[PDB]
């Protein structure tokens, strides 16, 4: 449906590299709160939730630059139900994995050092 179209744009928005810049600019603000130890800091969490909100929000903005009447909830509801999934949702899931998010941050920190 109008569904298969959004699924197409997701791939285009996240595998674009304005997204990768968005990610870098986010990390630039917090990267040195991140330590390379197994124990995590409580402060990683609010940063993590901030990151999730940011990605989610960059999405909806870019998605309605495409379809100016795109309602996030409608797509999400229609998804959180009866069109149930794929290959890019797997990368979408990536953003909610806390451990990979931390490693993303750790590799970045080492990079920034130098």
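Positions refer to the first chain, counted from 1.
Counting the deposited residues that fall between residue 84 and residue 85 and carry no coordinates gives a value of 1 to 3. Taking the mean C-alpha B-factor of each stretch as recorded, 48 to 56 and 75 to 83 are not equal, and the higher mean is that of 75 to 83. Judged by mean Cα B factor in the deposited record, 85 to 93 ranks above the other of 85 to 93 and 32 to 40. Among all modelled residues in this chain, the alpha-carbon of residue 13 has a temperature factor (C-alpha) in the middle third.
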